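**Q** Let me give you the structure first, and then I'll get to my questions.
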Amino acid sequence: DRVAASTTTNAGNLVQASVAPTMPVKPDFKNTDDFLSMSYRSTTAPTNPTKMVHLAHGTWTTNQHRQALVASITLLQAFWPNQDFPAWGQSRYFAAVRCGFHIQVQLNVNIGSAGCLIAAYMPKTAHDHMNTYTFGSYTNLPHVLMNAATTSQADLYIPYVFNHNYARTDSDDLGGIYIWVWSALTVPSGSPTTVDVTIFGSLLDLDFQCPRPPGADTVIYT
Amino acid sequence: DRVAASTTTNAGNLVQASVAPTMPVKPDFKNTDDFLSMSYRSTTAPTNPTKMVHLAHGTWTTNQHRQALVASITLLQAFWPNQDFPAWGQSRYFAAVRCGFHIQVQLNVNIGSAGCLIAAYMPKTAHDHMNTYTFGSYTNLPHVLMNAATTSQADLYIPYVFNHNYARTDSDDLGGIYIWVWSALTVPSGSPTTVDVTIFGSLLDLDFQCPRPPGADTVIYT
Amino acid sequence: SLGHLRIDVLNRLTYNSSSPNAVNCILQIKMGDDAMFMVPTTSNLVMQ
Amino acid sequence: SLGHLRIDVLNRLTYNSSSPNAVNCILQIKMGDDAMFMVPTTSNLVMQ
Amino acid sequence: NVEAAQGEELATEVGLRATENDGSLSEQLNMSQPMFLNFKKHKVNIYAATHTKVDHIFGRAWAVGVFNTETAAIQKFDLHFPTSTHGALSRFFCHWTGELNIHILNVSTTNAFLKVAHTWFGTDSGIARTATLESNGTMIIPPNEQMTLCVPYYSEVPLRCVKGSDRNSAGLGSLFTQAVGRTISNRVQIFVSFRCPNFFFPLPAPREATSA
C-alpha cells in the first residue's frame, strides 16, 4: 500500500494507496507471433507514414511556352491534404515537422518528342515572390533538368531547409516543388499532344512534436 | 541510365532510364536538432498511441444491489471510439490488432464508506453469454478485488487472449472489462451518495497489420 | 474475397506515328515461395 | 564586347515522320575554373 | 516493455511530491524535476556567455535622471535604485553591497567644465560637509565629454537595502556636481551601472504601482 507512479509517452499517473497488479496464469507477454500469421515486419505501423505517394499530376501540352508552369506542389501540406494519404492520420495530432523530403519526378514521353521541364525547389520565404527572379537563372536552385528523350525519372533529395527550427504541419512552410517549361515540346503528326506529368513523391527522416487538439491550429514560431 | 528501384515500407518504385539524384551543396541529413528546440524525445510520435487515456466512467450508488453492473468497457473498441483519442488516427488505417492491454481502475471513496466493486476481464467468446455464469465464481477470471477503504487504485495487466491469431480493430473482439458490485456500499449521513468510478486505461506492446482503405471495414479471420 | 487490385493511370499512353495506339496487357498470379496447402478435400466439380 | 559566337549548319536537321520538324536550343555561359573577380564597385542599377 | 513504466518506489521521480516537507528552500533547488517516458532534458547554450548570471546582467547600465545646470551652485542629486527598467530586476533583494559605476554625460553649448563627486552619507553627516566638494573624491569632466568613473563602497552600513527610500542607509548614494567656467544651459545625463554586485537574501516579487 505505497506510492506507485506510471508513465507512458506523454501521459503519467501518480497513484497513492496502490495495489499489486495481477496477470493470468502462465502469462507470456512476448509481442511477436511465432509462428507468424503475417509476413510483414512488425515495425510497419510506425514506418507507414514514410510511404511514397502520388502527388499533384499535371498536363504539359504544346501550346504552353517557356517560363510557363506545368504543375505545382506545396511541399509540406502535400503529403496530407486529404484523409486518404498514409501520413495524414498521424499528422492530425502532432503540430510540428522536422521531416526531410524525397521526391521522384515521374515522366513519360513518346519517343520522337523533344523538350524539357525543370524540377526545382523553392523554400517558402523564397516562394513569397516570383517577380524578383530572372528565369534563366533558376538552375541555381537545387534541381534536376529533364530531357524529353532518354529520361524516365528524375530523382532529387531535399534536406530540411527553412528559417525557423521547426515548421508547422498544416501550413506551406517548407515551400514547394514547382515544375517549369524549359523549352516547348515539339510534336510530329500524328501523336498524342498532352504529355502527362506525375510528381511521385515520398518522405524520409520522419519527425513530429508539440501535441495539439486534433482539429485546431496552433502558432509556434511566429 | 540504368534500372533504379526504390522501396519504402509498403510502397515500392521500379524505374527505368533513371537519372542520378541531386542534393543541395554541403547537405547534412542528420535528423535530430542539436541544439534542441524541443525537450521531447524524438521517438514520441510512434510511441504516442500507447498513451494512457480516461475510459468510460460510471456511477455506483447505494441503491444498486449485488451482481449489478457499475460500468462497462468494450476493450479493443475502447481506445478509439472517437477522433479525440491518441491511438485513433493511426488505427484508422491498419485493420488488425495484436496489442496487449494495461488497465488501471481508478476509484475514490470518502473514508467511512464500505463495500466492494470487482474489476474482471471477459474475452469476447466468453462475453457472448452472461446467463451461463454463476456470480459467486467470477473470481476465477483474471481480476482484482477493490475494497472501499484503503484501496486507491487497482492495477491489472492483461496479455492478449483471443481465439483467432489477430483481432479486428473496429470490433469488440478482445472482449472487455466489466465492473460488478461485490457488495453494496454503506453510507452514514450526511455523505455524498454517488461514488464515482473512472476506469483509467492504457495500452502496451503496440501492433498493427493488414492495410485497408481509411473508412471501410474488412473481414480477416471469419 | 482476397481483395481488390486496382490499375490506374499515372501518365496516359503516349503514342507515336510509328507506334501503336493502345496496348494489351495481362495479369498473372504466381504462387509464392513459402506457400503451403493443407488438409485435402473433395469438391463437387468435374474433370477438376 | 567579349566577341561573337556563331552557330551555323554543317548538316541540316534530318526529320523523320515520327520525329519533330525543328528543335529548340539553349546557350549557357558557365564561369570557368580559375576565374577571379576584383576591386568591388557600386553601380547605378537597382535590386541588383 | 518499451512504453509502460511502473512504481512503486520512484513515484517521487514521476512528480508526486509533498510540499509540506520542503527541506530548506535551497534544498528544492537540488530537486530533480519530474519527467515522463519521453522528455529530453538537455542544457543547450546558444550563446557562450550567460545573460542570466548576476555578473553580466547588471553590466548593462541604465538611465537615472536628466537635468540642465545653468548655475555654479553645488547640485544635490539623489540616486534611488532603478525603477521601470532592467535594473528593476534587482528589486528582489534587500541587502546589496558592491562598487558601482557612474557614467555622466556632459553637454555644453557654451564651453564648460563640470565636476562630479559622490558621497554615500547624505548632505548632512551631522555637519555640512558640502562646503567644497574638491576633497571628497572630485573627478573633473571636460566639456562635451563623458567618463566612466566608479565609486568604491564607503558606508557605515555594511549592507544597503534596495527597497527603502530612507536617505540614511537605504539609497545607493547621493550625487554632487557643479559647473565651472561662467556658463549656462550646461546639460548633463547620468547613468548608473553596478560592478560585481553582491545581492543578499530574496524578497517576494513587488507589485506594479499604478497609483504610485
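In the C-alpha cells, the first chain shown is A, the next is B, and so on; residue numbers restart at 1 for each chain, and ligands run from 1 in the order shown.
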Would you mind listing what lies within 10 Å of residue 82 of chain E as a ChimeraX atom specification, with only C-alpha atoms counted and same-chain residues fewer than 4 positions away left out?
**A** /E:62-64,86-91,162,192
**Q** Go ahead and dump the residues you just picked, N, CA and C atoms, as an mmCIF file, in the first residue's frame.
**A**
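New file result-v4.cif:
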data_model
loop_
_atom_site.group_PDB
_atom_site.id
_atom_site.type_symbol
_atom_site.label_atom_id
_atom_site.label_comp_id
_atom_site.auth_asym_id
_atom_site.auth_seq_id
_atom_site.Cartn_x
_atom_site.Cartn_y
_atom_site.Cartn_z
ATOM 1 N N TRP E 62 21.922 51.730 -16.903
ATOM 2 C CA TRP E 62 20.552 52.216 -17.005
ATOM 3 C C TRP E 62 20.446 53.672 -16.585
ATOM 4 N N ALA E 63 19.514 54.387 -17.201
ATOM 5 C CA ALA E 63 19.475 55.842 -17.110
ATOM 6 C C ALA E 63 18.639 56.344 -15.953
ATOM 7 N N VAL E 64 19.293 56.978 -14.990
ATOM 8 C CA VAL E 64 18.572 57.625 -13.909
ATOM 9 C C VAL E 64 18.800 59.136 -13.905
ATOM 10 N N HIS E 86 15.480 47.377 -16.755
ATOM 11 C CA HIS E 86 16.017 46.055 -16.452
ATOM 12 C C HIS E 86 16.755 46.076 -15.129
ATOM 13 N N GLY E 87 17.024 47.273 -14.625
ATOM 14 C CA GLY E 87 17.635 47.413 -13.322
ATOM 15 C C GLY E 87 16.676 46.987 -12.235
ATOM 16 N N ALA E 88 15.383 47.087 -12.529
ATOM 17 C CA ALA E 88 14.332 46.705 -11.591
ATOM 18 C C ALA E 88 14.344 45.208 -11.318
ATOM 19 N N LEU E 89 15.181 44.484 -12.046
ATOM 20 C CA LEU E 89 15.393 43.075 -11.777
ATOM 21 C C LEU E 89 16.095 42.916 -10.433
ATOM 22 N N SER E 90 16.688 43.999 -9.946
ATOM 23 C CA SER E 90 17.430 43.962 -8.695
ATOM 24 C C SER E 90 16.504 44.155 -7.519
ATOM 25 N N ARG E 91 15.213 44.256 -7.799
ATOM 26 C CA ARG E 91 14.252 44.612 -6.773
ATOM 27 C C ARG E 91 13.919 43.402 -5.899
ATOM 28 N N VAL E 162 17.765 47.814 -0.786
ATOM 29 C CA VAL E 162 17.268 48.366 -2.028
ATOM 30 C C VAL E 162 15.928 49.060 -1.868
ATOM 31 N N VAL E 192 23.903 54.842 -14.198
ATOM 32 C CA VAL E 192 24.416 54.067 -13.078
ATOM 33 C C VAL E 192 24.495 52.587 -13.395
#
**Q** Once you count only C-alpha atoms, which residues of chain C turn out to be within 10 Å of chain A? Could you give them as a ChimeraX atom specification?
**A** /C:9-19,21
**Q** Could you turn the residues from that selection into a file that holds N, CA and C atoms, as a PDB file, in the first residue's frame?
**A**
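Final output, out32.pdb:
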ATOM      1  N   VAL C   9      -4.110   5.113 -64.165  1.00  0.00           N
ATOM      2  CA  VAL C   9      -3.152   5.838 -64.975  1.00  0.00           C
ATOM      3  C   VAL C   9      -2.422   6.901 -64.165  1.00  0.00           C
ATOM      4  N   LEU C  10      -1.103   6.811 -64.085  1.00  0.00           N
ATOM      5  CA  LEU C  10      -0.328   7.959 -63.639  1.00  0.00           C
ATOM      6  C   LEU C  10      -0.089   8.903 -64.801  1.00  0.00           C
ATOM      7  N   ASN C  11       0.261   8.332 -65.945  1.00  0.00           N
ATOM      8  CA  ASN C  11       0.527   9.111 -67.141  1.00  0.00           C
ATOM      9  C   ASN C  11      -0.019   8.387 -68.351  1.00  0.00           C
ATOM     10  N   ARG C  12      -0.832   9.072 -69.145  1.00  0.00           N
ATOM     11  CA  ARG C  12      -1.521   8.418 -70.246  1.00  0.00           C
ATOM     12  C   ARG C  12      -0.517   7.876 -71.242  1.00  0.00           C
ATOM     13  N   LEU C  13      -0.925   6.859 -71.990  1.00  0.00           N
ATOM     14  CA  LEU C  13      -0.066   6.287 -73.010  1.00  0.00           C
ATOM     15  C   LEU C  13       0.242   7.325 -74.069  1.00  0.00           C
ATOM     16  N   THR C  14       1.521   7.505 -74.360  1.00  0.00           N
ATOM     17  CA  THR C  14       1.925   8.449 -75.388  1.00  0.00           C
ATOM     18  C   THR C  14       2.282   7.703 -76.659  1.00  0.00           C
ATOM     19  N   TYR C  15       1.445   7.836 -77.679  1.00  0.00           N
ATOM     20  CA  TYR C  15       1.638   7.077 -78.901  1.00  0.00           C
ATOM     21  C   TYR C  15       2.259   7.927 -79.992  1.00  0.00           C
ATOM     22  N   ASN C  16       3.109   7.303 -80.796  1.00  0.00           N
ATOM     23  CA  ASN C  16       3.800   7.994 -81.872  1.00  0.00           C
ATOM     24  C   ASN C  16       3.128   7.625 -83.192  1.00  0.00           C
ATOM     25  N   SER C  17       3.592   8.200 -84.294  1.00  0.00           N
ATOM     26  CA  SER C  17       3.045   7.880 -85.602  1.00  0.00           C
ATOM     27  C   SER C  17       3.473   6.498 -86.062  1.00  0.00           C
ATOM     28  N   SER C  18       4.643   6.071 -85.612  1.00  0.00           N
ATOM     29  CA  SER C  18       5.157   4.754 -85.954  1.00  0.00           C
ATOM     30  C   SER C  18       4.785   3.757 -84.875  1.00  0.00           C
ATOM     31  N   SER C  19       4.020   4.216 -83.895  1.00  0.00           N
ATOM     32  CA  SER C  19       3.755   3.423 -82.707  1.00  0.00           C
ATOM     33  C   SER C  19       2.273   3.121 -82.548  1.00  0.00           C
ATOM     34  N   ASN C  21      -1.554   2.551 -81.065  1.00  0.00           N
ATOM     35  CA  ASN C  21      -2.402   3.486 -80.348  1.00  0.00           C
ATOM     36  C   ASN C  21      -2.673   3.034 -78.919  1.00  0.00           C
TER      37      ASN C  21
END
**Q** Using 7 Å as the limit and counting only C-alpha atoms, can you tabulate each residue of segment 158-210 of chain B that touches segment 75-88 of chain B, with its shortest atom-to-atom distance in Å and the two atoms involved, as CSV?
**A**
residue,atom,partner,partner_atom,distance
B:169,CA,B:76,CA,6.5
B:170,CA,B:77,CA,5.9
B:171,CA,B:77,CA,6.0
B:172,CA,B:77,CA,5.7
B:173,CA,B:76,CA,6.8
B:174,CA,B:76,CA,5.6
B:175,CA,B:75,CA,5.6
B:176,CA,B:75,CA,4.1
B:177,CA,B:75,CA,6.5
**Q** Would you please work out which residue, of B:64, B:37, B:6, B:72, is nearest to chain E when using only C-alpha atoms?
**A**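 Comparing B:64, B:37, B:6, B:72 against chain E, the winner is B:37.
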**Q** Give me, as a ChimeraX atom specification, the contact residues of chain B against chain E at a cut-off of 8 Å, counting only C-alpha atoms.
**A** /B:35-36,38-41,43-44,47,50,204-205
**Q** If chain C is fitted onto chain D by least squares over all C-alpha atoms, taken pair by pair in sequence order, what do its new coordinates look like as a compact mmCIF listing (two decimals) with N, CA, C and O atoms, in the first residue's frame?
**A**
# COMPACT_ATOMS: atom_id res chain seq x y z
N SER C 1 32.90 44.63 -75.99
CA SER C 1 32.35 43.35 -76.41
C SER C 1 33.32 42.22 -76.16
O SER C 1 34.52 42.39 -76.27
N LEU C 2 32.78 41.07 -75.80
CA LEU C 2 33.61 39.93 -75.46
C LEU C 2 33.81 39.06 -76.70
O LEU C 2 34.62 38.13 -76.70
N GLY C 3 33.09 39.39 -77.76
CA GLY C 3 33.25 38.76 -79.07
C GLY C 3 32.14 37.83 -79.51
O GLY C 3 31.46 37.24 -78.68
N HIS C 4 31.97 37.70 -80.82
CA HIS C 4 30.91 36.85 -81.37
C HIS C 4 31.09 35.37 -81.13
O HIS C 4 32.21 34.87 -81.05
N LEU C 5 29.97 34.68 -81.03
CA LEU C 5 29.93 33.26 -81.25
C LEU C 5 28.92 33.02 -82.35
O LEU C 5 27.82 33.57 -82.32
N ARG C 6 29.30 32.24 -83.34
CA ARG C 6 28.44 31.98 -84.48
C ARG C 6 28.05 30.52 -84.51
O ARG C 6 28.86 29.65 -84.24
N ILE C 7 26.80 30.26 -84.85
CA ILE C 7 26.32 28.90 -84.89
C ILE C 7 25.75 28.65 -86.27
O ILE C 7 24.76 29.25 -86.66
N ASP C 8 26.38 27.75 -87.01
CA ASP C 8 25.98 27.51 -88.38
C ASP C 8 25.79 26.03 -88.64
O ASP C 8 26.16 25.18 -87.83
N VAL C 9 25.19 25.72 -89.79
CA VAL C 9 24.83 24.37 -90.14
C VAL C 9 25.95 23.66 -90.89
O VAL C 9 26.38 24.13 -91.95
N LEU C 10 26.45 22.56 -90.35
CA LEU C 10 27.26 21.66 -91.17
C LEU C 10 26.35 20.74 -91.97
O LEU C 10 26.58 20.50 -93.15
N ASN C 11 25.33 20.22 -91.30
CA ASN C 11 24.39 19.32 -91.94
C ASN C 11 22.99 19.61 -91.43
O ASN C 11 22.76 19.62 -90.23
N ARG C 12 22.06 19.83 -92.35
CA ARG C 12 20.72 20.26 -91.97
C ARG C 12 20.06 19.20 -91.11
O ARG C 12 20.41 18.03 -91.17
N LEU C 13 19.11 19.63 -90.29
CA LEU C 13 18.37 18.70 -89.45
C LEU C 13 17.60 17.73 -90.31
O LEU C 13 16.85 18.13 -91.20
N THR C 14 17.77 16.44 -90.04
CA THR C 14 17.04 15.43 -90.78
C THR C 14 15.88 14.91 -89.95
O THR C 14 16.08 14.21 -88.97
N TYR C 15 14.67 15.25 -90.36
CA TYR C 15 13.50 14.90 -89.57
C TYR C 15 12.78 13.70 -90.15
O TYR C 15 12.72 13.52 -91.36
N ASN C 16 12.23 12.87 -89.26
CA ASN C 16 11.53 11.66 -89.67
C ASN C 16 10.03 11.91 -89.54
O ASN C 16 9.61 12.98 -89.11
N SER C 17 9.22 10.93 -89.92
CA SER C 17 7.77 11.06 -89.80
C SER C 17 7.33 10.97 -88.35
O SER C 17 6.31 11.54 -87.97
N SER C 18 8.09 10.24 -87.55
CA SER C 18 7.78 10.09 -86.13
C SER C 18 8.56 11.12 -85.33
O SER C 18 8.52 11.12 -84.11
N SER C 19 9.28 11.98 -86.03
CA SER C 19 10.21 12.89 -85.39
C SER C 19 9.84 14.35 -85.61
O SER C 19 9.24 14.69 -86.63
N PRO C 20 10.20 15.22 -84.66
CA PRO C 20 9.85 16.63 -84.76
C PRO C 20 10.49 17.31 -85.95
O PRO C 20 11.50 16.83 -86.46
N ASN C 21 9.90 18.41 -86.40
CA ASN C 21 10.40 19.11 -87.57
C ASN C 21 11.60 19.99 -87.25
O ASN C 21 12.56 20.05 -88.02
N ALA C 22 11.54 20.68 -86.11
CA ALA C 22 12.60 21.60 -85.71
C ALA C 22 12.78 21.60 -84.20
O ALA C 22 11.81 21.47 -83.46
N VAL C 23 14.02 21.74 -83.74
CA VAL C 23 14.31 21.64 -82.32
C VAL C 23 14.72 22.97 -81.73
O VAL C 23 15.28 23.83 -82.41
N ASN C 24 14.43 23.14 -80.44
CA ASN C 24 14.74 24.38 -79.74
C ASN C 24 16.00 24.23 -78.90
O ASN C 24 16.14 23.26 -78.16
N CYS C 25 16.91 25.19 -79.00
CA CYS C 25 18.22 25.07 -78.39
C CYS C 25 18.50 26.19 -77.39
O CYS C 25 17.84 27.23 -77.42
N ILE C 26 19.47 25.97 -76.50
CA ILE C 26 19.75 26.92 -75.43
C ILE C 26 21.24 27.07 -75.16
O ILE C 26 21.95 26.08 -75.03
N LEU C 27 21.70 28.31 -75.08
CA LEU C 27 23.09 28.59 -74.72
C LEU C 27 23.21 28.95 -73.25
O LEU C 27 22.36 29.63 -72.70
N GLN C 28 24.29 28.51 -72.63
CA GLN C 28 24.53 28.78 -71.22
C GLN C 28 25.98 29.14 -71.00
O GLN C 28 26.87 28.43 -71.46
N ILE C 29 26.25 30.24 -70.30
CA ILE C 29 27.62 30.59 -70.01
C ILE C 29 27.97 30.23 -68.58
O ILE C 29 27.52 30.87 -67.63
N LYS C 30 28.79 29.20 -68.43
CA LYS C 30 29.30 28.80 -67.14
C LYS C 30 30.64 29.46 -66.94
O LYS C 30 31.45 29.51 -67.85
N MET C 31 30.87 29.99 -65.75
CA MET C 31 32.12 30.69 -65.50
C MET C 31 33.19 29.65 -65.24
O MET C 31 32.89 28.56 -64.76
N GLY C 32 34.44 29.96 -65.55
CA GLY C 32 35.48 28.96 -65.54
C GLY C 32 35.98 28.48 -64.20
O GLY C 32 35.39 28.77 -63.15
N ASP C 33 37.06 27.72 -64.24
CA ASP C 33 37.68 27.18 -63.04
C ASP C 33 38.38 28.28 -62.26
O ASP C 33 38.13 28.49 -61.08
N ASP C 34 39.26 29.00 -62.95
CA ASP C 34 40.20 29.89 -62.29
C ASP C 34 39.73 31.33 -62.18
O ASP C 34 40.50 32.20 -61.80
N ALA C 35 38.47 31.59 -62.52
CA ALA C 35 38.08 32.97 -62.73
C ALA C 35 37.98 33.74 -61.42
O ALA C 35 37.15 33.45 -60.57
N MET C 36 38.85 34.72 -61.28
CA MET C 36 38.80 35.69 -60.20
C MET C 36 37.92 36.88 -60.53
O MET C 36 37.70 37.18 -61.70
N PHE C 37 37.41 37.55 -59.51
CA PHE C 37 36.84 38.88 -59.67
C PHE C 37 37.58 39.87 -58.79
O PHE C 37 38.20 39.48 -57.81
N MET C 38 37.53 41.15 -59.14
CA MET C 38 38.40 42.12 -58.50
C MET C 38 37.73 43.44 -58.13
O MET C 38 36.72 43.82 -58.71
N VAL C 39 38.32 44.12 -57.15
CA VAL C 39 38.07 45.53 -56.82
C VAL C 39 36.58 45.92 -56.88
O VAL C 39 36.12 46.53 -57.83
N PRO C 40 35.82 45.52 -55.85
CA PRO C 40 34.37 45.74 -55.77
C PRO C 40 33.98 47.19 -56.02
O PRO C 40 34.71 48.09 -55.60
N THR C 41 32.87 47.41 -56.71
CA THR C 41 32.46 48.75 -57.06
C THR C 41 30.95 48.86 -57.19
O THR C 41 30.29 47.94 -57.65
N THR C 42 30.40 50.00 -56.77
CA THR C 42 28.97 50.27 -56.89
C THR C 42 28.55 50.51 -58.33
O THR C 42 29.38 50.81 -59.18
N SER C 43 27.26 50.36 -58.60
CA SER C 43 26.70 50.65 -59.91
C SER C 43 25.36 51.36 -59.74
O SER C 43 24.83 51.43 -58.63
N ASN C 44 24.81 51.88 -60.82
CA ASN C 44 23.57 52.65 -60.74
C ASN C 44 22.30 51.80 -60.71
O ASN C 44 21.22 52.31 -60.46
N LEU C 45 22.44 50.50 -60.98
CA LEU C 45 21.28 49.63 -61.07
C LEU C 45 20.60 49.43 -59.72
O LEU C 45 21.22 49.60 -58.68
N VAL C 46 19.33 49.05 -59.76
CA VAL C 46 18.54 48.84 -58.55
C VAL C 46 18.08 47.39 -58.45
O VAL C 46 17.75 46.77 -59.46
N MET C 47 18.09 46.86 -57.23
CA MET C 47 17.67 45.49 -56.91
C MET C 47 18.72 44.49 -57.40
O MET C 47 18.62 43.30 -57.15
N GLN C 48 19.74 45.00 -58.08
CA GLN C 48 20.89 44.19 -58.41
C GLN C 48 22.12 45.07 -58.53
O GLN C 48 23.09 44.71 -59.20
**Q** Report, in Å to a single decimal, how far apart atom CA of residue 66 of chain E and atom CA of residue 114 of chain E are.
**A**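 Computing it gives 14.7 Å between the two atoms.
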**Q** Determine which residues of chain A DSSP labels as strand (DSSP E or B) from the backbone of this structure, then write them out as a short mmCIF file (atom, residue, chain, number, x, y, z; two decimals) with C-alpha atoms, in the first residue's frame.
**A**
data_model
loop_
_atom_site.label_atom_id
_atom_site.label_comp_id
_atom_site.auth_asym_id
_atom_site.auth_seq_id
_atom_site.Cartn_x
_atom_site.Cartn_y
_atom_site.Cartn_z
CA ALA A 4 3.01 3.93 -7.35
CA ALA A 5 3.81 6.04 -10.39
CA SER A 6 3.16 5.13 -14.01
CA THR A 7 4.45 6.91 -17.10
CA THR A 8 3.86 6.25 -20.79
CA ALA A 11 0.81 10.80 -20.01
CA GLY A 12 1.73 9.89 -16.47
CA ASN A 13 -0.07 8.54 -13.43
CA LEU A 14 0.72 9.16 -9.77
CA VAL A 15 -1.26 6.85 -7.52
CA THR A 22 -2.48 -9.14 -11.48
CA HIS A 54 1.29 10.04 -55.93
CA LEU A 55 1.34 13.84 -55.78
CA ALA A 56 -0.37 16.50 -57.90
CA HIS A 57 -0.12 15.40 -61.52
CA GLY A 58 -0.19 17.97 -64.32
CA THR A 59 -0.63 18.20 -68.08
CA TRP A 60 2.04 19.72 -70.30
CA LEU A 69 4.20 26.40 -65.15
CA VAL A 70 3.25 22.78 -65.73
CA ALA A 71 2.30 21.77 -62.19
CA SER A 72 2.60 22.99 -58.61
CA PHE A 94 1.36 16.50 -33.73
CA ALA A 95 1.78 20.11 -34.83
CA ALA A 96 5.39 20.38 -36.00
CA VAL A 97 7.58 18.84 -38.69
CA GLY A 100 13.24 15.61 -44.71
CA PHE A 101 11.90 15.07 -48.22
CA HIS A 102 12.29 12.65 -51.10
CA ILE A 103 10.60 13.46 -54.39
CA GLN A 104 10.91 11.48 -57.60
CA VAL A 105 9.50 13.18 -60.67
CA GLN A 106 7.84 10.65 -62.96
CA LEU A 107 7.51 11.41 -66.66
CA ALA A 114 11.70 16.88 -77.75
CA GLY A 115 11.62 19.45 -74.96
CA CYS A 116 12.39 19.90 -71.27
CA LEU A 117 10.69 20.51 -67.98
CA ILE A 118 12.68 21.59 -64.97
CA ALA A 119 12.01 20.36 -61.48
CA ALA A 120 13.15 22.95 -58.98
CA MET A 122 11.68 26.82 -53.77
CA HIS A 143 17.12 20.92 -59.19
CA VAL A 144 17.22 18.42 -61.98
CA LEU A 145 16.81 19.04 -65.69
CA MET A 146 14.62 16.60 -67.56
CA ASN A 147 15.19 15.84 -71.22
CA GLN A 153 12.75 9.53 -63.96
CA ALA A 154 14.31 12.40 -62.06
CA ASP A 155 15.44 11.67 -58.51
CA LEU A 156 16.08 14.59 -56.20
CA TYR A 157 16.63 14.55 -52.44
CA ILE A 158 15.76 17.62 -50.42
CA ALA A 167 7.89 24.02 -39.28
CA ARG A 168 4.11 23.90 -38.95
CA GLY A 176 7.36 23.51 -52.58
CA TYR A 178 7.44 23.85 -58.96
CA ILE A 179 7.91 22.42 -62.42
CA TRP A 180 8.61 24.83 -65.26
CA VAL A 181 8.86 24.58 -69.03
CA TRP A 182 12.49 24.84 -70.05
CA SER A 183 11.64 24.56 -73.72
CA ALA A 184 8.44 23.85 -75.64
CA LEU A 185 7.83 20.28 -76.76
CA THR A 186 7.83 19.50 -80.46
CA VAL A 195 2.30 14.67 -72.20
CA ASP A 196 1.18 13.72 -68.71
CA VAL A 197 3.41 14.57 -65.76
CA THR A 198 3.01 12.99 -62.34
CA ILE A 199 5.18 14.01 -59.41
CA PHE A 200 5.58 10.85 -57.45
CA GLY A 201 6.74 11.85 -54.01
CA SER A 202 7.92 10.34 -50.75
CA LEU A 203 9.14 11.25 -47.29
CA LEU A 204 12.09 10.34 -45.08
CA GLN A 209 6.47 17.23 -31.93
CA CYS A 210 4.23 19.51 -29.85
CA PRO A 211 0.81 17.84 -29.30
#
**Q** Neighbouring residues of residue 141 of chain E were defined as those with any atom within 8 Å, considering only C-alpha atoms; residues of the same chain fewer than 4 positions away were excluded. Please report them as a PyMOL selection string.
**A** chain E and resi 106+113-116+145-147
**Q** If we count only C-alpha atoms and set the cut-off at 9 Å, which residues sit around residue 136 of chain E, ignoring sequence neighbours fewer than 2 positions away in its own chain? Please answer as a PyMOL selection string.
**A** chain E and resi 117-119+132-134+138
**Q** Write out the residues from the selection above, keeping N, CA, C and O atoms, as a CSV table (one decimal), in the first residue's frame.
**A**
chain,number,residue,atom,x,y,z
E,117,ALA,N,31.2,64.4,-7.9
E,117,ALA,CA,31.7,63.9,-6.6
E,117,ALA,C,30.6,63.1,-5.9
E,117,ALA,O,29.4,63.5,-6.0
E,118,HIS,N,30.9,62.0,-5.3
E,118,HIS,CA,29.9,61.2,-4.7
E,118,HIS,C,30.1,61.0,-3.2
E,118,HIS,O,31.2,60.8,-2.7
E,119,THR,N,29.0,61.0,-2.5
E,119,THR,CA,29.0,60.8,-1.0
E,119,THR,C,27.9,59.9,-0.6
E,119,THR,O,26.7,60.1,-0.8
E,132,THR,N,32.9,72.5,0.2
E,132,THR,CA,33.6,72.3,-1.0
E,132,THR,C,33.8,70.9,-1.3
E,132,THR,O,34.1,70.1,-0.5
E,133,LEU,N,33.5,70.5,-2.6
E,133,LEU,CA,33.5,69.1,-2.9
E,133,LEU,C,34.8,68.6,-3.5
E,133,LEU,O,34.9,67.4,-3.9
E,134,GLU,N,35.8,69.5,-3.5
E,134,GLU,CA,37.1,69.1,-4.1
E,134,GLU,C,37.8,68.0,-3.4
E,134,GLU,O,38.5,67.2,-4.0
E,138,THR,N,36.5,64.3,-5.9
E,138,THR,CA,36.1,65.0,-7.1
E,138,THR,C,36.9,64.5,-8.3
E,138,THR,O,38.1,64.2,-8.3
**Q** So which one's closest to chain B, A:219, A:161, A:45, A:3? Using only C-alpha atoms, please.
**A**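 Between A:219, A:161, A:45, A:3, the residue approaching chain B most closely is A:45.
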**Q** For segment 163-176 of chain E, find every residue with an atom within 8 Å (counting only C-alpha atoms), except residues of its own chain fewer than 4 positions away, and show them as number ranges by chain.
**A** E: 74-81, 91, 94, 116-123, 133, 157
**Q** I'd like the neighbourhood of residue 98 of chain A as number ranges by chain, where a residue qualifies if any of its atoms comes within 8 Å (using only C-alpha atoms), though same-chain residues fewer than 2 positions away should be ignored.
**A** A: 96, 100, 160, 165-167, 206-208; B: 31
**Q** Apply DSSP to the structure's backbone, then extract all residues of segment 41-209 of chain A labelled helix (DSSP H, G or I) and return them as a count of residues only.
**A** 25
**Q** What is the atom CA of residue 159 of chain B to atom CA of residue 99 of chain B distance in Å?
**A**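 The value is 8.4 Å.
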